[PDB]
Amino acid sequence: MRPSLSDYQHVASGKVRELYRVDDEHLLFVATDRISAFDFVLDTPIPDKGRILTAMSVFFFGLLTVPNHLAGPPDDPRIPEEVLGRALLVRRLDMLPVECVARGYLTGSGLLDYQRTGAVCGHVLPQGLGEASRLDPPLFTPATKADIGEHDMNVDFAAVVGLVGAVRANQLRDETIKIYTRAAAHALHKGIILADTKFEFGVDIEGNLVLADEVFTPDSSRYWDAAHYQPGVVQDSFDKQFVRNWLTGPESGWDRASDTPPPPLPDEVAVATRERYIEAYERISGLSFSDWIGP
């Protein structure tokens, strides 16, 4: 019999994830079905989103050769029935206070920083780049978390050194670019561009660097359709563009500039969005989501 979630202590919540204490050395990492758009957590959950993204993350952990925080199988008996398929048993680490970001393409705050200063996180880039420009090699563009409502703050390598030490900072940079490069090449082979990605790392008892949280999900990474990649314009979000289009379209009744909470999504948009998550997962993993564990 699986334990109840209420047997564990809630220790953290994010926009679309939760974290629980299992015992002194283990946590339960939980993905929810909530979806964020335009910095709002939407009223409408996406069915199976937590399970699909957990399946995605498990696939990528398996693809990468680096140490990670997984501490048991996806069906580990310590996982409650209620979150089965969308929760992982992980080992407790001393987390490093750095959002480790790799960018293979120039968009978002990376693009904005470049347009303002000609540089991103200390990297002075060539002139003449623009929206969705390819970056070669990929850039380590670290960030720090700010207050609850605020976006992460982009910082340079010196700031990372100041946070975790000189040798550790080099390690974070090197590993972030190495595993991004591997995952991005794999995804592109399958027809999906991973334009960028965000990791957190922790340290175990022996001082080893360990990859944590969720990895290479559409929440942690921008997924683009490679078949429609067109430098110079904003790329469609592989997973969220239906949601985005409806909210900012003539049927929502919502003004994005209002900064007021957006309305609930049409059921049809939520179902279509679920289909996009499954498509992305099955294309990248080569597996069937129908085989992924659930309640």
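Counting begins at 1, following the sequence as shown.
- As listed in the deposited structure, the average C-alpha B-factor of 99-107 and of 203-211 is greater for 203-211.
- Higher average CA B factor: 250-258, of the stretches 264-272 and 250-258.
- Per the deposited coordinates, the residue with the largest Cα temperature factor out of 245, 54, 235, 68 is 245.
- Highest C-alpha temperature factor among 142, 149, 130, 80 per the entry: 149.
- For residue 29, the recorded CA B-factor ranks within the lowest third of the chain. Only modelled residues enter the ranking.
- Among all modelled residues in its chain, residue 75 ranks in the middle third by Cα B-factor.
- Residue-level temperature factors show residue 227 in the middle third of its chain, judged at the C-alpha atom.
- Among the modelled residues of its chain, residue 63 has a C-alpha B-factor that falls in the highest third, as given in the PDB entry.
- Placement of the Cα temperature factor of residue 119 within the chain: highest third of the modelled residues, per the deposited record.
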